[PDB]
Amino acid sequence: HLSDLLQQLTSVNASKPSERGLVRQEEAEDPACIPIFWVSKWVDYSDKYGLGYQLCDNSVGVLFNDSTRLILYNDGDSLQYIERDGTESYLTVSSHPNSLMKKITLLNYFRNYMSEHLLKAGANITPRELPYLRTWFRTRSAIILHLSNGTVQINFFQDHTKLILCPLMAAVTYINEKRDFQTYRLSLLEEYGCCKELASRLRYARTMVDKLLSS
């Protein structure tokens, strides 16, 4: 899915989408393609444990420093443990192995923090009709998050803009400075252009996706 994403982005960036005689970004807006999942909160505690996050359906997840993941579903009981090599086990809180009690405890600590203390990104948006965090890194400018369903999210720290890239829909959601959420089909930005702000963010995305590919 990453290879596809990189190709979609390269293709948009090659068409010089901000350099058209008239840019019609609004023509590319596609509400069909609004994603199902995105990361609405996150906490990096990789100094000790890992990266905690919440997805827009209120499921919570941790990627542990040992590259394993534990996910609590929005029902508050179902878990999925994903091992370093991707192997999945389905469990519950009411009846878990004791071997996972540490990780479930940690999971509850992230859950309570995120619930007590953080704002839900895209909270006004209805997603369209569960993945885990494959990986993440932070640059000086942003945090990049790569989900197991192929989605890449990027959150830029200074201005608080976010991009959500989905290679399945070949679509991008931009959350701008005023907290407006607009979703675009990549093939139509290729046709009708976009503003320099979005075009700049997409050039950066292209770059971050080639970092994800060499790791």
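One rule holds for the numbers: they count along the sequence shown, beginning at 1.
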Interval residue 129-residue 130, deposited residues with no coordinates in the entry (none, 1 to 3, 4 to 9, 10 or more): 4 to 9
120-128 set against 68-76, stretch whose average Cα temperature factor tops the other in the entry: 120-128
Selected stretch [higher average CA B-factor]: 198-206 or 13-21: 13-21
Highest-ranked of 188, 169, 163, 62 once sorted by CA temperature factor in the record: 169
Given 152, 28, 55, 175, the residue at which the Cα B factor reaches its maximum: 28
Entry-reported Cα temperature factor of residue 7, expressed as the chain third it lands in: middle
CA B-factor ranking of residue 114, expressed as a third of its chain: middle
Position of residue 143 among the chain's modelled residues by C-alpha B-factor, lowest, middle or highest third: lowest
Third assignment of residue 38 from its chain's C-alpha B-factors: lowest
Within-chain third of residue 133 by Cα B-factor, per the entry: lowest
